[PDB]
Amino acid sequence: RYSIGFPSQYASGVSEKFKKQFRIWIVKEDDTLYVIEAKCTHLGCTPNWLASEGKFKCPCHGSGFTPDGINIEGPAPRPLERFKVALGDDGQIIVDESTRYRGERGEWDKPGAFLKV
C-alpha cells in the first residue's frame, strides 16, 4: 500500500520511476494503466526493462517478457504478476501489493486489476 502519483505523470508504455524504490513497472497500455511486480516467476530475480527490444529481460535464466508482462521466452512459466491500483480521494494512484492478479487465470480482467484513464 503506497502512492505513485497522478496518472498524468506517466506516458504510454513502460515507466521505470518506482522500479528502484518499489520494484514495479507502471505501464499505460492503449487505454489503461497497470502495475507490474518486477519479480521473475521462474525462481525470483529482478528482470530488466529493455526498451530497444520491447522486453523485460530476466538475467537469471534468460526469461523474456513482453511489455505487458506476458512470458514469451525462457524458463519463466507464467506472466509477471500485477498489483491492485486504485484512485485515492486526492486523485493519486494507490498501489496495494498485498493483492495480485494472475494474467493466466483471468484476474487481469477483474476489479482493481488496472485503471482505465
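All residue numbers are counted from 1 along the displayed sequence.
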Greater mean Cα temperature factor according to the PDB record, 22 to 30 or 70 to 78: 70 to 78
Stretch with the higher entry mean CA B-factor, where the candidates are 8 to 16 and 98 to 106: 98 to 106
Cα B factor band for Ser63 (lowest, middle or highest third within the chain): highest
CA B-factor ranking of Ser52, expressed as a third of its chain: highest
